[PDB]
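*Asks:* Right, I'll just put the structure down here and ask away after.
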Amino acid sequence: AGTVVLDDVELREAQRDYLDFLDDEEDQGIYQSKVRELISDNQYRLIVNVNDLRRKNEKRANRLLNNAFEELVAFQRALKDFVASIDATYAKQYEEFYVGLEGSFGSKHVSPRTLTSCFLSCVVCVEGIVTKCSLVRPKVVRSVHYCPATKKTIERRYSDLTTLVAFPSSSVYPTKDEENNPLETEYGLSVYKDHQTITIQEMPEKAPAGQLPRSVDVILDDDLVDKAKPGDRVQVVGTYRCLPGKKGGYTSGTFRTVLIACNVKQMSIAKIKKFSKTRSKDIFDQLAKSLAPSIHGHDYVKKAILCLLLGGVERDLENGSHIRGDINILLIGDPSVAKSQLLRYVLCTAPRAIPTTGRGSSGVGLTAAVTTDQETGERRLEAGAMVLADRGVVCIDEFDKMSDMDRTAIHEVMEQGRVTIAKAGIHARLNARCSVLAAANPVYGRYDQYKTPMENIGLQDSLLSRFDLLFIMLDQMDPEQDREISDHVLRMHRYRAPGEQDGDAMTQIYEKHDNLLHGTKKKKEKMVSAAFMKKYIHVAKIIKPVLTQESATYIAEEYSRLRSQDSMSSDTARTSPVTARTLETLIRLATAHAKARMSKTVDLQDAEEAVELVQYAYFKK
Amino acid sequence: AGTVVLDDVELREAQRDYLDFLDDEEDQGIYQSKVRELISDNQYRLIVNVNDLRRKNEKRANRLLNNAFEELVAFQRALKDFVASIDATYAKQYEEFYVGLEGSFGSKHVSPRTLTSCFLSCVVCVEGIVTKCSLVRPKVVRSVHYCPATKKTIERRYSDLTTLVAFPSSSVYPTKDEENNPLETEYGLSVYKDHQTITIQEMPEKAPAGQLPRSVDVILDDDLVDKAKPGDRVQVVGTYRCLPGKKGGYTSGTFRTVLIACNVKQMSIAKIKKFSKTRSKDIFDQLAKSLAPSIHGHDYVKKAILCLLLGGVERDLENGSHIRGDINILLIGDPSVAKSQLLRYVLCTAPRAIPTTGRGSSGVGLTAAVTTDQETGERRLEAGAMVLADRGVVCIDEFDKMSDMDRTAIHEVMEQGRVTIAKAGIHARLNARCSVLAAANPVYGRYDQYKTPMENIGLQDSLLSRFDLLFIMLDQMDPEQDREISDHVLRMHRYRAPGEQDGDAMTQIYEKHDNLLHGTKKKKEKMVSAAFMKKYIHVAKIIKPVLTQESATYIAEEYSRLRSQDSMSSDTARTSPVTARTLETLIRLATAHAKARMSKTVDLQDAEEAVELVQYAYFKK
Amino acid sequence: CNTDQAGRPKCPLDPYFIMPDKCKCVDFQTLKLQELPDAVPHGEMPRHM
Amino acid sequence: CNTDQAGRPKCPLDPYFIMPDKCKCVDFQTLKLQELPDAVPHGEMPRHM
DNA sequence: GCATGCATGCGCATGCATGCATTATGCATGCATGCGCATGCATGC
DNA sequence: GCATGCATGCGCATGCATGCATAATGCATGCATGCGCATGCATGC
Ligand SMILES: Nc1ncnc2c1ncn2[C@@H]1O[C@H](COP(=O)(O)OP(=O)(O)O)[C@@H](O)[C@H]1O
Ligand SMILES: Nc1ncnc2c1ncn2[C@@H]1O[C@H](COP(=O)(O)OP(=O)(O)O)[C@@H](O)[C@H]1O
Ligand SMILES: [Mg+2]
Ligand SMILES: [Mg+2]
C-alpha cells in the first residue's frame, strides 16, 4: 500500500506533549535514571505513574484513559526517540519499546464483576485470582528463506495484531520460488516472540455470598510470559478490547471481549547499623518486649516467636546431605490465654504466612496432589499449603483436632523439608522448607495440675521430638495479676484512634509515647516501630553467622549434662523426650540469637539464652 | 507487501560492473564531463555507446543486448549512485534517471519488416518514417488529497508500468476518508508525466517493389514527447515487449507487440580564421572554382549557386514590415549542358534540400493542405514541400512543364516567404522562407540564336521579375572546346577509386593533388575539401554583415544608369525587365559576397561583382 | 462492492470484513425464569421461560 | 487457487492474471489462397481458402 | 471560356474480436454435559 | 481391624453455535469497410 499521511495535528501534538513529559531537565523528575536503569538491565519497557501524568498534564491523562491505542502508540514512539537520544546504540537491539501504567485510576478501578461495555477501548485496572494458565508458545514475526537452486535468500515481515484487522493477503508462509524452485526455511535467522494466555477470577472473599463467580481472559505477550501462575492473587492493568471473529457471511452480532495486559502486579541503613551496634543484647531485649503491646506478658512465647522470625541457618555438605534450619513450636494452654491472637499477629507480621486449622485442610490439601489433565492426558502437580509456603510460616490452630494421617504426612516436611510425590507416569521431589506454629487444647478441656503433662498432651514421643519447643500456658487467678489484666484490657478498650471524632461510627525508630497504650510509668522506655522492626528482621534474616569453638564444647557438655540429669530430675516431670534433635535445636537457637544482634560469630551469651529457653520449656513443676 | 530480498549475486555484480564502467579516473573516458554537462543543462538522461561497452566489457554488452530490463535497471541505479556522488544536491530533483543507447548494434539492426518474435525482450534498432502521432497527455504518478473536515492531507503513490503486471488493488483513486468525510483533490501538489504514441512505417525507398508496407507502434515517455513529428525519417532504439491484455477468462493466445523507445534520432576554428583572413577575395575565387570538379566550366552559374548557398540577410523593421533575403535562379539551355547534374550536386551539398520536378508535385503538395480529422471532427494542416523546406532549398527540374496555377501559388512563397491558408473553421499563416532552383528547356527544343530570348523563354514579365537571376547556356561546337570536354569526360571515366583492385565489380583544408582528377598542369593550385567547404559555408551563413555608406550611392547611381541605358542598349536584347526588385537583388548579391569573405561590412568590390553578374545575366547578344 | 469503477478493474466476490474497533457495543444478558411454586398446578411439572 | 491453506483464509474467485514477460512466443501469419485460373470451371466464381 | 471527366471526399449501416456484468446455501467440527462403571479413600463399631 | 459409606474420578454419546467449501455464461462496444450523395477541381476543344 502506497498510501501515506503528511500531517496530523493531534498525533504530532500528543507526541510533543510526551516529549516534554519525559524530559526531566528543569524538573525533579526521575525518568532519566529509570531509562538509564533499563539500559543497564537490558529490559525494554517503562512504568509511568498515571497520577504523575495527571498532575503534570491533566488533558493528556484524560485522553489516555478515555482513548488507549493511539496514545499508547505515541508513548512508544516517544520512548524510542528518547532511547535513541540518550544512547542510540542500545535502541538498535529492539524494534519498539513498551509502556506500563501505575497509580490510582479512581473510577476505572473495576472488579471482574463490574467490567462492562462502557469501559471498552479504555485502560482498566482489575484485581483477581488466577485459575487457568497455558503453555508458552512461540509466534513468528519475521521469516527468512533460502533457495539452493538460485543461491538467493529472502525475508518476509508479519504484522497481525499490530493492525486492527488482517486480510488473507498477509499471514501467508512462502514455500516456492518465482520459478517453482523449492525454498528451505532457515529457523536461525527468523524472529519469534513468546505468547501465553491466562484466566482471572474475582476473589471469593470479595464476591457476594452465595453467587457464582465471574472471570476475564488475559493475553500475555513476550515480556510478561512467566509473571503469573495459577492460584495467585494479582492486579492487572491493561486495555479492554473486542476480538475480531474470522471471516463469514452471517454474524449473530456478539463479539468476544478480551483484556490485553500491559502491567501485571503481585499485590503485597545508618539507623539499623547504629541501633544494632549500640544495643547488642538490648536489640533482642526490646524486640521481645515490644513484640505485641496488645498481648500481656508471656515473655518466653514472645522470645520463641522472635526465634521463628529470625530462624536458623540452612547448611549443605559435600555428600549432598541436608541439615534442617527451621524451628517449630507447640503451645498448649487453658482457654482465653490469647493463643489465637498470637497466631493472628504472626500471620500479619510474617511475609509469607498461611493459616490452616485442624480440620480446615486435609492431608491432600496440605502438601500436594497429582491430577490427570483431560485436555492432553498428561499428569500435572498441584501444590498444597506447605509447598506454597516455601521459606515461610504455616499457622495451625486447633492442632489437636488434626487426624493422625495428616500428621504423618507433615512428618516429611518437618524432618527434611521436602515432599516426595509419585504416581505411575510421573514422580517428583518438591521443596517445602517451612516453619510451623501450632496451638492445641488440653484433652480434659482445662489443664490438670496434678497429672503429668504426658497424660494431658496425649501425643506420641515421635511427634513431640519433631517439634523444637513445647510451651504450657495457664490462667492463674491471682488477684493482682487479674487487676493488671483488667487494667490492660480496659486501657486498650477505652483507646480511640487519633484524628477520629469521639462518638463516631465505623519513620522514627521508637514509637511515640502514648498516655493510655503505654502509661505514665513507661515514660522511661519506648517501643520499636513496626516498620523498622520488619526492616531489621529482614536484614537479620539475610545475615549469615558462624559458630565459634568456644561454645561448641560448652553446648555439648550441657547436652550431656541434661541427658545425665534425666536421672537427677526427680521432683518434676519432663514435657518432651531428649533425643539427638535437642542438640541441633540448641545450635539453631544459638544461631537465631546471633541473628538477633547483627554480628559475624555465635557467642556464649546466645548459647546461654538458648539453654535457658530449653530448661524452661522442657521441664515443669 | 513485506517481502524483501537480501542477496542477489547477478544484480550486485552487474551494478558493480557498471560502477567500474562509469568511473573514468584511470582512463581517457569522457562520461564524467558528460554528467557535468547534464547537471549544467538540467537534463536527466545519458547516452552510452554500445561498442564502447563491448570493447571495455564484452560480457555486459552481450547480457544487455540479450536481456534488457534488468540490465537497464542496473544502469539507472548506477547513474543515481554517481549523480549522488558527484553532486548529491542535484539528484534530489528527479526520482530516477535514464540511459540511452548508441553505436553499431550489428545483427540487431532490424527493419520494420524483419522484426520478429526472436528479438522479444531485447534492445533493437529500427529505421523508418513517421506516419501517425497523437496529442500529448498527462498521467498521474503521485496524488495528494486534503480533508476540510479533519484538516489532514494524504498522499498516494502509483506505479503501473514500473512493474510488469498490475492488479486491481492499485490504480484506485481515493475520494473518501475513513469516516466518509469528503476529500478535496489538490492538483498543485500532485505529480504528472507526459505521454505520447507514434507509429513508424518502413520507408518506401527500402521496401520491396510492389509490396504493402509494415509498421511498428512506439510509446514516447515524458522526455521524448516532442522529439518526433509525422512525415519524418527517424531511427529508434529501444526494447521490444509484449502488451498485457486486461483481465478475462478466455484468451485467444495472441499478444500485442509494442516497441518502447529509449533513443530517438533524426538521421543526418583556427583553420577557418587563418584561411579567411589570408585569402579574402581568393576565398570566393577558389570556392567558385572548386565548386564541382565533375562539371566543366560555367563560372557564372557556379558563382550564382554559391550566392544561393551563402544567401542574403533577412531584415525586419518597427512597423512589422518584412524584407526578403533569399535568392532565386532560373537556367535555360540546350540539352546535355549538365543542368540536372548541377541540381543534384546542390541537393547533395545543401543541408535542407528537396527535389520537386514539374509534374511530380502539384499545387496542393507544394505548399500545404487542410484535412478534416475523422477521429475528432476538427481541422488539421498538412505541410507541403515548400513549408517543410524552411530556410532551405527546393530544386525544380523541368520547370517549364509546371502548370500556371502552381506558379501563381509559388508567387506567395517567392515574394514574401509566407503561405496563407483558410477554410471555414481554421485559418493560419505558415512560414515558408525558401530559395528555389529551376531548370527549363527552351520552347523550340534547342535555343534559337536569331530570335530574341523573350520568344524562346515564353514566360510572363511578372514571373521573370519574381526570379533574381536568369542564365542561358549553349552547346557551342568549337573543336578545341570539344577536345577539352572529351579530355575531361574521359579522364573522369578512366578514374578508379583508390584501394579498389582493378577489374573488380560493384582533414586537410586543400584536397590532395590527383594525376587524373586534376592533371599535371594544375599542380600549381589546389581544390578545397568538401568538409571544410561545408564548415566554412555554415560559418559564413551565421555571420551578419552590414552595408556601408560608400556603396549605397554607388549602387543607386548604377541602378539609375541601367534604367537609363534601357534606351542605350540598341545592339542587344534584354532577357529580364528591370523593376524595383533589381535594386534589392543588387544589395542581396553584395551581402552574399560580403558573406563569402568573413568581415563586418559590405565593401565596393562585392558591389562590383554583383553588378558584373547582373550585367552578364540581364543582356545577351 | 458498490463503487463506480470504469476503466479500473473490479473487486472480487464477498470482499467485506467486519471492523471490530469501530463499533458501538452494549451490555447483554439472558435469564431463566420458573413458574411460581404458589401457582403451579397440582401434579404438573413447572414450566420455564 | 490450488494451494493447501488450513488456518489461513482462502483466495477469492477467479484470482489469476496472465504474466506477459514470462511467456514463449513464436511467429504467426495468415494467408488467402485462390483457385488457379487454369482450373476454375467455366462460368463459376472461384473459391478461396 | 464553356462543356465534360473525374480523382477526392463525406456520412450510416453491418460483421467480428475483445471486453464487461452476475452472484447464498448446505455441511462439518469442537465445546458442555449426562450416564454407567470400577478403583480407592475415609469413616464408623 | 473389619465392615460399610461415599466424595472423587473416568470414558463415549448427543446438542448447538461458529466455521468451512463451491464455483462459467451471456450480452455489449469500438474498429473496418461498403454504398449513395453532393461539392468541387482539373482537363479538354
Ligand atoms: N494476656 C492477655 N492480654 C490481653 N488480652 C488477653 C490475654 N489473654 C486473653 N486475652 C483476651 O481473651 C480473649 C481470648 O480469646 P482467644 O485468643 O480466642 O483464646 P484462645 O485462643 O485461648 O481460645 C482475647 O479476646 C483477648 O482479648
Ligand atoms: N560541362 C560538362 N562537364 C562534364 N560533363 C558534362 C558537361 N555537360 C554535359 N555533360 C555530360 O552530359 C550529360 C548531360 O546530361 P543532363 O545533365 O541530364 O543534361 P540536361 O540536364 O541538359 O538534360 C551528363 O551525363 C554529363 O556527364
Ligand atoms: Mg483459640
Ligand atoms: Mg536535365
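Each chain in the C-alpha cells gets a letter, A, B and so on, in the order shown; residues start at 1 in every chain, and ligands are counted from 1 in the order they appear.
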For chain B, report every residue with an atom at most 12 Å from chain E (counting only C-alpha atoms (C1' of nucleotides)), formatted as a list in words.
*Replies:*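 The contacting residues on chain B are residues 245, 246, 247, 248, 249, 250, 251, 252, 254, 371, 372, 373, 374 and 377 of chain B.
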*Asks:* Could those residues be written to a file, using C-alpha atoms, as a CSV table (one decimal), in the first residue's frame?
*Replies:*
chain,number,residue,atom,x,y,z
B,245,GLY,CA,-4.2,-7.6,-22.0
B,246,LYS,CA,-6.8,-6.7,-19.4
B,247,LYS,CA,-8.4,-9.3,-17.2
B,248,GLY,CA,-10.6,-12.0,-18.8
B,249,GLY,CA,-11.5,-15.7,-18.6
B,250,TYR,CA,-10.8,-17.0,-22.1
B,251,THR,CA,-7.8,-15.8,-24.1
B,252,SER,CA,-7.0,-16.5,-27.8
B,254,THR,CA,-2.2,-13.6,-29.3
B,371,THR,CA,-7.9,18.0,-43.9
B,372,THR,CA,-10.9,17.2,-41.6
B,373,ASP,CA,-9.8,14.7,-39.0
B,374,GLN,CA,-12.4,11.9,-38.9
B,377,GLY,CA,-14.1,16.3,-36.5
*Asks:* With 10 Å as the limit and counting only C-alpha atoms, what residues in chain A lie close to chain B? Please list them as a list in words.
*Replies:*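 Residues passing the distance filter: residues 1, 2, 3, 4, 5, 6, 7, 8, 9, 142, 143, 144, 145, 146, 150, 151, 152, 153, 154, 155, 156, 157, 158, 159, 169, 170 and 174 of chain A.
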*Asks:* I need the residues from that last selection saved to file as a CSV table (one decimal), in the first residue's frame (with N, CA, C and O atoms), if you can.
*Replies:*
chain,number,residue,atom,x,y,z
A,1,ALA,N,0.8,-1.2,0.0
A,1,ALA,CA,0.0,0.0,0.0
A,1,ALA,C,0.9,1.3,0.0
A,1,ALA,O,1.7,1.5,0.9
A,2,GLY,N,0.7,2.1,-1.0
A,2,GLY,CA,1.4,3.3,-1.1
A,2,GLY,C,0.8,4.5,-0.4
A,2,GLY,O,1.4,5.6,-0.6
A,3,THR,N,-0.2,4.4,0.3
A,3,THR,CA,-0.9,5.5,1.0
A,3,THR,C,0.0,5.9,2.2
A,3,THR,O,0.4,5.1,3.0
A,4,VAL,N,0.2,7.2,2.3
A,4,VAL,CA,0.9,7.8,3.4
A,4,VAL,C,0.2,9.0,3.9
A,4,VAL,O,-0.6,9.6,3.2
A,5,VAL,N,0.5,9.4,5.1
A,5,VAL,CA,-0.1,10.6,5.8
A,5,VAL,C,1.0,11.7,5.9
A,5,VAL,O,2.1,11.4,6.3
A,6,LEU,N,0.6,12.9,5.5
A,6,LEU,CA,1.5,14.0,5.6
A,6,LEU,C,1.4,14.8,6.9
A,6,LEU,O,2.4,15.2,7.5
A,7,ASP,N,0.2,15.2,7.3
A,7,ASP,CA,0.0,16.0,8.5
A,7,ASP,C,-1.1,15.4,9.4
A,7,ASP,O,-2.1,14.8,8.9
A,8,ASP,N,-0.9,15.5,10.7
A,8,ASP,CA,-1.9,15.1,11.7
A,8,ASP,C,-1.6,15.9,12.9
A,8,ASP,O,-0.6,15.6,13.6
A,9,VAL,N,-2.5,16.9,13.2
A,9,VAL,CA,-2.3,17.8,14.3
A,9,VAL,C,-2.3,17.0,15.7
A,9,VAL,O,-1.4,17.2,16.5
A,142,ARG,N,9.2,-12.4,11.8
A,142,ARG,CA,10.0,-12.2,10.6
A,142,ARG,C,10.5,-13.5,10.2
A,142,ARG,O,11.2,-14.2,11.0
A,143,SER,N,10.3,-13.9,8.9
A,143,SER,CA,10.7,-15.2,8.4
A,143,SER,C,11.8,-15.0,7.3
A,143,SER,O,11.8,-14.0,6.6
A,144,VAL,N,12.7,-15.9,7.3
A,144,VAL,CA,13.8,-15.9,6.3
A,144,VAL,C,13.9,-17.2,5.6
A,144,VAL,O,13.9,-18.3,6.3
A,145,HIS,N,14.1,-17.2,4.3
A,145,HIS,CA,14.2,-18.4,3.5
A,145,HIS,C,15.3,-18.4,2.5
A,145,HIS,O,15.8,-17.3,2.2
A,146,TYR,N,15.8,-19.5,2.1
A,146,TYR,CA,17.0,-19.7,1.2
A,146,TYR,C,16.6,-20.6,0.1
A,146,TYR,O,15.9,-21.6,0.3
A,150,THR,N,19.0,-21.3,-6.7
A,150,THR,CA,19.4,-20.0,-7.2
A,150,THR,C,20.3,-19.2,-6.3
A,150,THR,O,20.8,-18.1,-6.6
A,151,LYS,N,20.6,-19.8,-5.1
A,151,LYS,CA,21.5,-19.2,-4.1
A,151,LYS,C,21.1,-17.8,-3.7
A,151,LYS,O,21.9,-16.8,-3.7
A,152,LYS,N,19.8,-17.6,-3.4
A,152,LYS,CA,19.2,-16.3,-3.0
A,152,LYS,C,18.4,-16.5,-1.8
A,152,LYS,O,17.7,-17.5,-1.6
A,153,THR,N,18.5,-15.5,-0.9
A,153,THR,CA,17.8,-15.5,0.4
A,153,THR,C,16.8,-14.4,0.4
A,153,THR,O,17.1,-13.3,0.0
A,154,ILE,N,15.6,-14.6,0.9
A,154,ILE,CA,14.5,-13.6,1.0
A,154,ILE,C,14.0,-13.6,2.5
A,154,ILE,O,14.2,-14.5,3.3
A,155,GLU,N,13.3,-12.5,2.8
A,155,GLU,CA,12.8,-12.3,4.1
A,155,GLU,C,11.4,-11.7,4.0
A,155,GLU,O,11.1,-10.8,3.1
A,156,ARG,N,10.5,-12.2,4.8
A,156,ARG,CA,9.1,-11.7,4.9
A,156,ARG,C,8.7,-11.2,6.3
A,156,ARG,O,9.1,-11.8,7.3
A,157,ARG,N,8.0,-10.1,6.3
A,157,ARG,CA,7.6,-9.5,7.6
A,157,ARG,C,6.1,-9.7,7.9
A,157,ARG,O,5.3,-9.7,6.9
A,158,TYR,N,5.8,-10.0,9.1
A,158,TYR,CA,4.5,-10.3,9.6
A,158,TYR,C,4.0,-9.3,10.6
A,158,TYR,O,4.8,-8.9,11.5
A,159,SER,N,2.8,-8.8,10.5
A,159,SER,CA,2.2,-7.9,11.5
A,159,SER,C,0.7,-8.2,11.5
A,159,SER,O,-0.1,-7.8,10.7
A,169,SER,N,-4.3,-11.7,2.4
A,169,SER,CA,-3.1,-11.5,1.6
A,169,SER,C,-1.8,-11.6,2.6
A,169,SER,O,-0.8,-12.2,2.2
A,170,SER,N,-1.9,-11.1,3.8
A,170,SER,CA,-0.9,-11.3,4.8
A,170,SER,C,-1.0,-12.7,5.4
A,170,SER,O,-1.9,-13.5,5.1
A,174,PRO,N,5.7,-18.4,2.8
A,174,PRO,CA,6.2,-18.8,1.4
A,174,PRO,C,7.0,-20.1,1.4
A,174,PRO,O,7.7,-20.4,2.3
*Asks:* Please extract the residues at most 12 Å from ligand 3, counting only C-alpha atoms (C1' of nucleotides) and all ligand atoms, and provide them as a PyMOL selection string, using the chain letters and residue numbers of this document.
*Replies:* chain A and resi 331-344+357-358+395-400+438-442
*Asks:* Keeping only C-alpha atoms, take the residues you just selected and write them out as a PDB file, in the first residue's frame.
*Replies:*
ATOM      1  CA  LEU A 331       1.581 -24.167  72.588  1.00  0.00           C
ATOM      2  CA  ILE A 332      -0.879 -25.850  74.965  1.00  0.00           C
ATOM      3  CA  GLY A 333      -2.940 -23.814  77.404  1.00  0.00           C
ATOM      4  CA  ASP A 334      -6.266 -23.130  79.092  1.00  0.00           C
ATOM      5  CA  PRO A 335      -8.953 -21.192  77.178  1.00  0.00           C
ATOM      6  CA  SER A 336      -8.606 -17.412  76.887  1.00  0.00           C
ATOM      7  CA  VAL A 337      -4.820 -17.163  77.113  1.00  0.00           C
ATOM      8  CA  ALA A 338      -4.710 -15.449  73.697  1.00  0.00           C
ATOM      9  CA  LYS A 339      -3.049 -18.206  71.659  1.00  0.00           C
ATOM     10  CA  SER A 340      -5.116 -17.354  68.580  1.00  0.00           C
ATOM     11  CA  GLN A 341      -4.228 -13.671  68.997  1.00  0.00           C
ATOM     12  CA  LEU A 342      -0.556 -14.662  68.840  1.00  0.00           C
ATOM     13  CA  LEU A 343      -1.207 -16.750  65.725  1.00  0.00           C
ATOM     14  CA  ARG A 344      -3.032 -13.871  64.033  1.00  0.00           C
ATOM     15  CA  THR A 357      -6.606 -25.001  61.027  1.00  0.00           C
ATOM     16  CA  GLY A 358      -7.078 -28.600  62.120  1.00  0.00           C
ATOM     17  CA  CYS A 395      -0.093 -21.485  61.347  1.00  0.00           C
ATOM     18  CA  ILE A 396      -2.220 -24.393  62.580  1.00  0.00           C
ATOM     19  CA  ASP A 397      -4.942 -23.513  65.084  1.00  0.00           C
ATOM     20  CA  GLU A 398      -6.655 -26.331  66.988  1.00  0.00           C
ATOM     21  CA  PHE A 399      -3.734 -28.630  66.216  1.00  0.00           C
ATOM     22  CA  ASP A 400      -5.150 -31.427  68.385  1.00  0.00           C
ATOM     23  CA  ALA A 438       0.535 -24.929  66.398  1.00  0.00           C
ATOM     24  CA  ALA A 439      -1.897 -24.413  69.276  1.00  0.00           C
ATOM     25  CA  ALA A 440      -3.780 -27.329  70.826  1.00  0.00           C
ATOM     26  CA  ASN A 441      -6.250 -27.518  73.686  1.00  0.00           C
ATOM     27  CA  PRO A 442      -5.678 -29.976  76.547  1.00  0.00           C
TER      28      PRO A 442
END
*Asks:* Which residues of chain A come within 8 Å of chain C, and what is each one's closest atom pair and distance in Å (one decimal), counting only C-alpha atoms, sorted by chain and residue number, as CSV?
*Replies:*
residue,atom,partner,partner_atom,distance
A:116,CA,C:27,CA,6.8
A:117,CA,C:26,CA,5.7
A:118,CA,C:26,CA,7.6
A:121,CA,C:21,CA,8.0
A:164,CA,C:21,CA,7.1
A:165,CA,C:19,CA,6.5
A:241,CA,C:21,CA,7.8
A:242,CA,C:20,CA,6.3
A:243,CA,C:20,CA,7.0
A:244,CA,C:20,CA,5.7
A:247,CA,C:17,CA,6.7
*Asks:* Go ahead and write the residues just picked, C-alpha atoms, as a PDB file, in the first residue's frame.
*Replies:*
ATOM      1  CA  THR A 116     -18.955  -3.513  31.294  1.00  0.00           C
ATOM      2  CA  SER A 117     -19.083  -2.392  27.682  1.00  0.00           C
ATOM      3  CA  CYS A 118     -18.883   1.198  28.949  1.00  0.00           C
ATOM      4  CA  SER A 121     -11.244   0.606  24.332  1.00  0.00           C
ATOM      5  CA  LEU A 164      -6.621  -3.898  13.985  1.00  0.00           C
ATOM      6  CA  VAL A 165      -7.902  -6.002  11.057  1.00  0.00           C
ATOM      7  CA  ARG A 241     -10.969  -4.663  23.562  1.00  0.00           C
ATOM      8  CA  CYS A 242     -13.206  -6.713  21.300  1.00  0.00           C
ATOM      9  CA  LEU A 243     -11.994  -9.787  19.439  1.00  0.00           C
ATOM     10  CA  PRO A 244     -12.350  -9.911  15.629  1.00  0.00           C
ATOM     11  CA  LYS A 247     -14.446 -14.306   8.028  1.00  0.00           C
TER      12      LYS A 247
END
*Asks:* Given only C-alpha atoms (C1' of nucleotides) as the basis, pick out the residue of F:3, F:16, F:10, F:23 nearest to chain C.
*Replies:*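 Comparing F:3, F:16, F:10, F:23 against chain C, the winner is F:23.
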*Asks:* Chain F near chain D within 12 Å: what's each residue's closest atom pair and its distance in Å to one decimal, counting only C-alpha atoms (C1' of nucleotides), ordered by chain then ascending residue number, as a tab-separated table?
*Replies:*
residue	atom	partner	partner_atom	distance
F:19	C1'	D:7	CA	11.0
F:20	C1'	D:9	CA	10.2
F:21	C1'	D:10	CA	10.4
F:22	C1'	D:13	CA	9.9
F:23	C1'	D:13	CA	7.7
F:24	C1'	D:14	CA	10.7
*Asks:* Need the shell around segment 382-389 of chain B: protein/DNA/RNA residues with any atom at most 8 Å away, counting only C-alpha atoms (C1' of nucleotides). Skip same-chain ones fewer than 6 positions apart. Format as JSON, numbers by chain?
*Replies:* {"B": [352, 353, 354, 356, 364, 365, 366, 367, 368, 369, 370, 371, 413, 430, 431, 432, 433, 434]}
*Asks:* Just N, CA, C and O atoms for this one: save the residues we selected as an mmCIF file, in the first residue's frame.
*Replies:*
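The file below, selection06.cif, is the result:
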data_model
loop_
_atom_site.group_PDB
_atom_site.id
_atom_site.type_symbol
_atom_site.label_atom_id
_atom_site.label_comp_id
_atom_site.auth_asym_id
_atom_site.auth_seq_id
_atom_site.Cartn_x
_atom_site.Cartn_y
_atom_site.Cartn_z
ATOM 1 N N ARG B 352 19.303 21.405 -46.120
ATOM 2 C CA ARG B 352 17.885 21.098 -46.298
ATOM 3 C C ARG B 352 17.554 21.301 -47.773
ATOM 4 O O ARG B 352 17.284 22.418 -48.214
ATOM 5 N N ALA B 353 17.572 20.211 -48.534
ATOM 6 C CA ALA B 353 17.331 20.263 -49.969
ATOM 7 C C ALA B 353 16.241 19.268 -50.330
ATOM 8 O O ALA B 353 16.289 18.111 -49.905
ATOM 9 N N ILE B 354 15.262 19.720 -51.115
ATOM 10 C CA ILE B 354 14.152 18.882 -51.542
ATOM 11 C C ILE B 354 13.968 19.009 -53.049
ATOM 12 O O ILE B 354 13.795 20.120 -53.558
ATOM 13 N N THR B 356 11.746 18.678 -56.388
ATOM 14 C CA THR B 356 10.343 18.611 -56.799
ATOM 15 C C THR B 356 10.279 19.024 -58.267
ATOM 16 O O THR B 356 10.372 20.213 -58.580
ATOM 17 N N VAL B 364 -1.212 21.648 -54.546
ATOM 18 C CA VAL B 364 -1.559 21.256 -53.186
ATOM 19 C C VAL B 364 -0.382 20.632 -52.446
ATOM 20 O O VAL B 364 -0.170 20.944 -51.265
ATOM 21 N N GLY B 365 0.395 19.779 -53.105
ATOM 22 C CA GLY B 365 1.521 19.129 -52.467
ATOM 23 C C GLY B 365 2.739 20.019 -52.342
ATOM 24 O O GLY B 365 3.724 19.643 -51.701
ATOM 25 N N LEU B 366 2.692 21.200 -52.960
ATOM 26 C CA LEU B 366 3.809 22.131 -52.846
ATOM 27 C C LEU B 366 3.742 22.921 -51.544
ATOM 28 O O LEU B 366 4.702 22.934 -50.765
ATOM 29 N N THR B 367 2.619 23.593 -51.290
ATOM 30 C CA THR B 367 2.557 24.488 -50.143
ATOM 31 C C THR B 367 1.992 23.813 -48.900
ATOM 32 O O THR B 367 2.709 23.667 -47.905
ATOM 33 N N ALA B 368 0.734 23.376 -48.950
ATOM 34 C CA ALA B 368 0.062 22.798 -47.787
ATOM 35 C C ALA B 368 -1.365 22.429 -48.172
ATOM 36 O O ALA B 368 -1.814 22.676 -49.294
ATOM 37 N N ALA B 369 -2.072 21.834 -47.213
ATOM 38 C CA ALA B 369 -3.469 21.462 -47.383
ATOM 39 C C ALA B 369 -4.156 21.407 -46.025
ATOM 40 O O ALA B 369 -3.499 21.366 -44.983
ATOM 41 N N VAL B 370 -5.487 21.410 -46.048
ATOM 42 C CA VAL B 370 -6.306 21.292 -44.845
ATOM 43 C C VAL B 370 -7.158 20.038 -44.958
ATOM 44 O O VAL B 370 -7.822 19.819 -45.979
ATOM 45 N N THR B 371 -7.145 19.215 -43.913
ATOM 46 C CA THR B 371 -7.912 17.979 -43.892
ATOM 47 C C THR B 371 -8.763 17.917 -42.634
ATOM 48 O O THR B 371 -8.339 18.355 -41.562
ATOM 49 N N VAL B 413 5.192 32.335 -51.972
ATOM 50 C CA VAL B 413 6.453 31.966 -51.342
ATOM 51 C C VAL B 413 7.596 32.828 -51.862
ATOM 52 O O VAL B 413 8.490 33.213 -51.099
ATOM 53 N N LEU B 430 1.509 30.330 -42.349
ATOM 54 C CA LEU B 430 2.656 29.464 -42.146
ATOM 55 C C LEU B 430 3.892 30.097 -42.766
ATOM 56 O O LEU B 430 3.808 30.815 -43.765
ATOM 57 N N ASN B 431 5.042 29.830 -42.159
ATOM 58 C CA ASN B 431 6.305 30.353 -42.651
ATOM 59 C C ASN B 431 6.876 29.429 -43.716
ATOM 60 O O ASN B 431 6.920 28.209 -43.537
ATOM 61 N N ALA B 432 7.304 30.021 -44.839
ATOM 62 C CA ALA B 432 7.877 29.222 -45.917
ATOM 63 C C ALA B 432 9.091 29.882 -46.564
ATOM 64 O O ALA B 432 9.294 29.711 -47.771
ATOM 65 N N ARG B 433 9.894 30.631 -45.807
ATOM 66 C CA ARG B 433 11.096 31.271 -46.330
ATOM 67 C C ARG B 433 12.014 30.239 -46.971
ATOM 68 O O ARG B 433 12.457 29.299 -46.304
ATOM 69 N N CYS B 434 12.306 30.403 -48.258
ATOM 70 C CA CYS B 434 12.986 29.362 -49.012
ATOM 71 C C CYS B 434 13.666 29.968 -50.233
ATOM 72 O O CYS B 434 13.422 31.119 -50.604
#
*Asks:* Which residues are close to residue 3 of chain E, i.e. within 12 Å by only C-alpha atoms (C1' of nucleotides), leaving aside same-chain residues fewer than 4 positions away? Reply as a ChimeraX atom specification.
*Replies:* /F:43-45
*Asks:* Find the residues around residue 34 of chain D up to 9 Å (only C-alpha atoms (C1' of nucleotides) counted), leave out those fewer than 6 positions away in its own chain, and share them as a list in words.
*Replies:*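 Counting only the stated atoms, we get residues 46, 47, 48 and 49 of chain D.
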